[PDB]
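**Student:** Need coordinates for the below:
(chains A, B, C, D, E, F, G, H and I, ligands or ions: 1)
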Amino acid sequence: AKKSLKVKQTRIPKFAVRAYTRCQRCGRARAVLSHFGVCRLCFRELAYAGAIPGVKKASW
Amino acid sequence: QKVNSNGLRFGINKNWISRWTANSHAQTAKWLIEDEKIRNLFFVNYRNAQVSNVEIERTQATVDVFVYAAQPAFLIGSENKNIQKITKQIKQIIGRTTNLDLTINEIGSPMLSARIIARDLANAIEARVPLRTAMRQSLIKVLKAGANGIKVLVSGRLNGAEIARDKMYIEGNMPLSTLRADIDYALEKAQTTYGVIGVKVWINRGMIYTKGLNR
Amino acid sequence: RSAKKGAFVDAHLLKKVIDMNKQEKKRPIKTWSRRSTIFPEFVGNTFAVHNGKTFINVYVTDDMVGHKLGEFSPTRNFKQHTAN
Amino acid sequence: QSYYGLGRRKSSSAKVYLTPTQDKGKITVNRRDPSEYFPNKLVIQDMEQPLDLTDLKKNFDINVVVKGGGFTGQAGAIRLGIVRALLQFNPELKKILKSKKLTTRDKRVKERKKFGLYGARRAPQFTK
Amino acid sequence: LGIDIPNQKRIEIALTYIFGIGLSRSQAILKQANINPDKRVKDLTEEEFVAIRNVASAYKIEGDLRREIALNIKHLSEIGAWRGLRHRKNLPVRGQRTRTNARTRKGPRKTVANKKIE
Amino acid sequence: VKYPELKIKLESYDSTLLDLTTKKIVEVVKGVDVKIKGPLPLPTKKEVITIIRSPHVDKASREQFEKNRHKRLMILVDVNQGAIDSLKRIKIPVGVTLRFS
Amino acid sequence: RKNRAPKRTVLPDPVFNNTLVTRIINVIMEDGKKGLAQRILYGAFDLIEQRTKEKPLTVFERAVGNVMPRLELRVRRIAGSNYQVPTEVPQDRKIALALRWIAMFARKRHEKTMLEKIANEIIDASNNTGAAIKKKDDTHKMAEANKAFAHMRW
RNA sequence: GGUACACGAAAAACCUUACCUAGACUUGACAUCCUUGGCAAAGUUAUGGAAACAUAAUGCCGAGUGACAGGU
RNA sequence: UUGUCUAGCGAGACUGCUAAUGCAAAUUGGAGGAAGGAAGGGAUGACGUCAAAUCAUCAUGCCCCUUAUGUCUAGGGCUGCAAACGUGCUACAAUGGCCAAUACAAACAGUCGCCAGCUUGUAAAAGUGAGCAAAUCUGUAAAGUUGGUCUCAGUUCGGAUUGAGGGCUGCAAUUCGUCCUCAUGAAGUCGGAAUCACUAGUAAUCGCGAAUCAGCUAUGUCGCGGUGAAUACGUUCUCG
Ligand SMILES: [Zn+2]
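**Tutor:** Residues are numbered from 1 along each chain as shown, chains lettered A, B, ... in the order given. See below for the structure:
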């Protein structure tokens, strides 16, 4: 039951607290970054791809 | 288990693939999840164009997608019938208020880009071509173009079960350990009739001395 | 504690309990909201509160005031440990 | 005749000003006394040990401003500023200041908290 | 109602020894009844004890806190209540984990053998 | 004039690109306009985000990226309205985002 | 294995003018706080002037000289029921162990307050009682009892 | 087993949630293609209901059709 | 009582020079020098092993379901309970308990948020209401110092458990949140076989910030700075 979670996440919720955050491309409802709306592993793969404007390797 | 060779040098030896910004984390996520759709549409729907990569440039409701493809005419189409079509999918996937002004430019010596070579490997393998001879022909044609060493390795069902029979190919100087190396990396999923075939290509494209920073 | 109209109910269960209390006070009425607290008027009736499987009846009394409706309905069983 | 210097121990800067004055030096740091600012320990003694191997507070005023760090880093920064100030006042002090290893910016600073390690060096624990 | 207030110590904490006086209302009574800190239990004038007894009688009777606690327990138990149901088995009621922890109220320990792993 | 204190503040996620843009602005403004104090470095707001590597538990090996955001500042003593007319044609890149007074 | 390890230097305290006092203040330190142990040790000093009026440096060096151990014990086994081997240790570790014994025995006693207990510890160390001299005497008596092992060892 | 046990999960009162009970639904919550078009899409208020929901009304969207969609 | 400082560029350290000994790499010593002989650290992890883990990110062949293993909804359960283990926190007290004055960071974050200051409130907080898209404004450092009390004991340590009254988010706090105040104060005075971590700004230890998130006994994690150690004689044994 994953695609139905996709469609339910999109619909306007009956309550303010009803809705939650989720990656757009995939339905992993955990570890999603609010600053990017993208899952942690999704963030890693897109950053190795380099779609995010600012990404480096941490030396800090 | 090793790091992706693209990411280690990315951002300090290679310019970013999508340079844009918006209101702080309000809909930057929207723009990223949108333009990755354009990127995927280019790399997926039109195999015949051999698009090396796409550049996305947004600033406050404007977008310009620079493309570098070996064969521009297929994207253009005949008497510009396909350019209007592709740009209207780009619009309907981006909205209506934003200008698009796409551009297509042929890439000089495309065969030194790992993306198109990996795509060709995927096409050949998916077509039940014997993998070894396809690897050899592609490797020779790439190396003859005047580049440095290559690394092509393939996993998955090599025409049967017991996948732990994976072949790898290395043909010269390609120094992962050197940051100042100017190395290229790509990956394609050759969806064979028996499962998934992942083809990976490493291209050594000369020394990048005195670069200073990204181009 | 709510600290502002502390006695809290789902606000839909009031109408039927008030109706029945003024309609000869029928005992068996099916309720699911373990969310509600009891008003002082609540005393007098029975309710078939739902725990998660079926309906168990609870009789409200003036002995207690202010405690949650659903606390009268245990939801989890006991140990029932086997030997090994 | 103002004499300058600078110290930067453990994320703590220190600008100094020294002038040969009438008194023994009239120690004044941050316009207040060191005795009540720095608790009376060897930390207050550390600043004049450069002076002990020299003219020990014969006539050298102390005008120091301090920022950053805690107090020990402050003490190291001001000590290095003092030794630089004496070196600026007289080159002949290199042979005796450097021999005791008083200068050279000890550069011992808290490292970066590496992941997987509680305090950048401690592993959680071992269990079989 | 003077229950074992020993000497060689201050009255501020001496007031605490009766059942139901923490240090907070101890200082409250200390300030209300003009009693001065740093004065030992010995060498205490008789005049202060009567005022302390009066102000204490104004408060909740110290021996009656056990009465009231028992009354509340039986009041909540007589009605069928999950909180009382839990409180009867000598296991914590406030929602603490019961899987392995919460042993300050169930007793020291009663070990039982686990599976025959092999 | 009629517009003193043009306090343009430029912020970007790259340094050499921002340096190129500020060099271009300081050279172009070095014409009609005068009394422009040099570039102002700013503490380069920095953050680090940490992500576990494996799709599964493997917690002990996690990496971390970093989205650097460099920052400079300019102040213009006076507009010299012809100067802003020349300014209308700068066409700064997208990476550097502007914010004036 | 490894190679020889250089030692970091310890600076003498230029108020009582003794680096052994610095090692005192270092060993008696807990939590990494020079101030608290510093106040404790200086209060112990003031107590040294207070009762048994005498130079604190003199009683300090006397305690160091009495508590120092002549020989150490090293383990070199062959099979079950292992056997000890007494070997020679240089003076630096000797004084280090003396200071360690003073520190550990000080926080093992009656007279709850640290000042008086550490002062009594240093007094006893100067006067050769069973507080710490007993431990040194014992560790010496196990030595030279099996000295046959000491003579032929490695 | 080391290489699992403050791990997946960088946060479960509802949702999350994948489980159970119960209520309901079936080219379906969601997608394309075939045929047919151009105005409602959501949200709001009574109404029975615990709520999906059936209602009655305000303000890209529809209707019939199989490959199927969908499966934590 | 100003060039601090920040961030850009450049220099600096390259066995550069000298001494020895060596064929030569190189080794050690000295001078200069901030740093000297891979300066401290990070990023970077070969061929392969463990049919190692992940079909529950994703994609994925094959198999199975389809008026149901699919869809929506209310309640519960993922937080149980005779028990055992693992990782943490508080401790088991005068190096300390409590009270008053008291100064010292760095980094990060913040306009549906940070919240200044003020008022009410024993308090959770509530109200007023600036400034702040930010080196401006805000997000009071704690240790530490001074003074005083406490005087060694299940205690003026210790805080669970439990009862009540308040607060906040959220439609909503019984399973199934959290904070404050009042009420009681389990057990524990250093711990068995055995084990773990660490070669310096490290251990220990004091605090501070961020993430997911409206709420979260996260004591978790990811980070920042404060204070601030011992020892390496040596490889016989032990682990690899
Ligand atoms: Zn995702």
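**Student:** From residue B:161, how far off is the residue positioned nearest the centre of chain C?
**Tutor:** Chain C has residue C:69 as the residue nearest its centroid, 3.3 Å off, counting by CA atoms, centre = their mean. According to CB to CB, to the nearest Å, residue C:69 and residue B:161 sit 62 Å apart. The way it works is simple: take the backbone N, C-alpha and C, and place the C-beta from them, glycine included.
**Student:** Give me the neighbour count for residue G:108.
**Tutor:** By other CB atoms under 10 Å in any protein chain shown, 9 other residues sit near residue G:108.
**Student:** Over to the one 3 residues further on?
**Tutor:** Applying other CB under 10 Å, we find 12 other residues in the vicinity of residue G:111.
**Student:** and if you look at residue G:7?
**Tutor:** Per other CB under 10 Å, the neighbour tally for residue G:7 reads 7.
**Student:** which SSE is the one residue in chain A that gets nearest to chain G in?
**Tutor:** Proximity of chain A to chain G (CB to the nearest CB) peaks at residue A:60, 26.3 Å away. According to DSSP states H and E, residue A:60 maps onto no helix or strand at all.
**Student:** hang on, it packs against residue F:47?
**Tutor:** No: contact between residue A:60 and residue F:47 fails when scored by CB atoms under 8 Å: they sit 10.1 Å apart.
**Student:** Need the overlap of contacts for those two.
**Tutor:** With contacts defined as CB atoms under 8 Å, 6 or more residues apart in numbering or on different chains, the residues shared by residue A:60 and residue F:47 are residue F:66.
**Student:** Regarding residue C:49, what are the backbone dihedral angles?
**Tutor:** Taking degrees, to the nearest 10, you get phi -70, psi 150 for the backbone angles of residue C:49.
**Student:** right, I mislabeled it, should have said residue B:200
**Tutor:** Torsion angles at residue B:200 (phi, psi; degrees, to the nearest 10) stand at phi -130, psi 140.
**Student:** Next up, the contacts around it.
**Tutor:** By CB under 8 Å, 6+ apart, the contact set of residue B:200 is B:118, B:151, B:152, B:153, B:154, B:185, B:186, B:187.
**Student:** Residues in a beta bridge with the fifth one, which ones?
**Tutor:** I take that to be residue B:154. On the basis of DSSP bridges, residue B:154 is bridged to residue B:167, residue B:199.
**Student:** List the contacts of it.
**Tutor:** Taking CB under 8 Å, 6+ apart, we find residue B:154 in contact with B:121, B:125, B:131, B:135, B:166, B:167, B:168, B:197, B:198, B:199, B:200.
**Student:** how near is it to residue B:187?
**Tutor:** With distances taken as CB to CB, residue B:154 is found 11 Å from residue B:187.
**Student:** do the same with the third one
**Tutor:** Applying CB to CB, one obtains 11 Å for the distance of residue B:152 from residue B:187.
**Student:** quick one, which of the two is more surrounded?
**Tutor:** Using other CB under 10 Å, the more surrounded residue of residue B:152 and residue B:187 is residue B:152, with 22 against 15.
**Student:** which element is that one on?
**Tutor:** Counting by DSSP H and E, residue B:152 is part of strand B:150-154.
**Student:** Helices of chain B, residue ranges please.
**Tutor:** Using DSSP state H, the helices of chain B run over residues B:5-9, B:28-45, B:72-76, B:81-94, B:114-126, B:131-144.
**Student:** For residue B:42, which non-adjacent residue is spatially closest?
**Tutor:** residue B:51 (4.8 Å; CB to CB, 6 or more residues apart in numbering or on different chains).
**Student:** Then residue D:35?
**Tutor:** In space, residue D:35 comes closest to residue D:44 once its chain neighbours are excluded; the distance is 6.8 Å by CB to CB, 6+ apart.
**Student:** what does residue B:30 give?
**Tutor:** Distances taken as CB to CB, 6+ apart put residue A:37 closest to residue B:30, at 7.4 Å, once the chain neighbours are dropped.
**Student:** That neighbour reaches residue A:24, doesn't it?
**Tutor:** Yes: contact between residue A:37 and residue A:24 holds when scored by CB under 8 Å: they sit 6.0 Å apart.
**Student:** Just the helices from chain F, written as ranges.
**Tutor:** Ranges of helices in chain F, per DSSP H, are F:16-29, F:82-87.
**Student:** Pull out the buried positions in the longest one.
**Tutor:** Neighbour counts using 16 or more other CB atoms under 10 Å in any protein chain shown place F:17, F:18, F:19, F:21, F:22, F:25, F:29 of helix F:16-29 among the buried residues.
**Student:** With chain B in mind, check whether that helix reaches it.
**Tutor:** Yes: shown here: helix F:16-29 in contact with chain B (CB under 8 Å from any CB of the partner chain) through residue F:16.
**Student:** And RNA strand I, is that helix touching that?
**Tutor:** Yes: judged by CB under 7 Å from any atom of the strand, helix F:16-29 and RNA strand I are in contact via F:16, F:18, F:19.
**Student:** give the contact list for residue C:57.
**Tutor:** Residues in contact with residue C:57 (CB under 8 Å, 6+ apart) are C:28, C:46, C:47, C:48, C:49.
**Student:** From residue F:55, how far off is residue A:37?
**Tutor:** Distance, residue A:37 to residue F:55, by CB to CB: 19 Å.
**Student:** residues in contact with residue D:73?
**Tutor:** Residue D:73 makes contact with D:9, D:10, D:11, D:12, according to CB under 8 Å, 6+ apart.
**Student:** and it, that's in a helix?
**Tutor:** Yes: counting by DSSP: H, G, I helix; E, B strand; the rest coil, residue D:73 is part of a helix.
**Student:** Could you report the separation of the nearest residue to it once chain neighbours are set aside from residue D:94?
**Tutor:** Take residue D:73 and drop its neighbours on the chain: the residue closest to it by CB to CB, 6+ apart is residue D:10, 3.2 Å away. Per CB to CB, residue D:10 is found 25 Å from residue D:94.
**Student:** who's more crowded, these two?
**Tutor:** More crowded of residue D:10 and residue D:94, by other CB under 10 Å: residue D:10, with 18 against 13.
**Student:** Surely the more buried one is in contact with residue D:72?
**Tutor:** Yes: counting by CB under 8 Å, residue D:10 does reach residue D:72; the two are 7.2 Å apart.
**Student:** circling back to that earlier point, between residue A:37 and residue A:24, which contacts overlap?
**Tutor:** With CB under 8 Å, 6+ apart as the test, residue A:37 and residue A:24 both reach B:29, B:30, B:33.
**Student:** Which pair in the contacts of residue D:73 has the greatest spatial separation?
**Tutor:** Taking CB to CB as the measure, these span a maximum distance of 8.3 Å, between D:9 and D:11.
**Student:** Touching both of those two, which residues are there?
**Tutor:** With contacts defined as CB under 8 Å, 6+ apart, the residues shared by residue D:9 and residue D:11 are D:69, D:73.
**Student:** Near chain C, which residues of chain E are found?
**Tutor:** Within reach of chain C by CB under 8 Å from any CB, chain E has these residues: E:75, E:76, E:78, E:79, E:80, E:81, E:82, E:83, E:85, E:113, E:115, E:116.
**Student:** at 7 Å what do you get?
**Tutor:** Selection of chain E residues close to chain C by CB under 7 Å from any CB of the partner chain yields E:79, E:80, E:81, E:82, E:83, E:85, E:115.
**Student:** and the gap between the residue of chain C found nearest chain F and residue E:86?
**Tutor:** Residue of chain C nearest chain F, by CB to the nearest CB: residue C:76 (29.5 Å). Counting by CB to CB, the gap from residue C:76 to residue E:86 is 10 Å.
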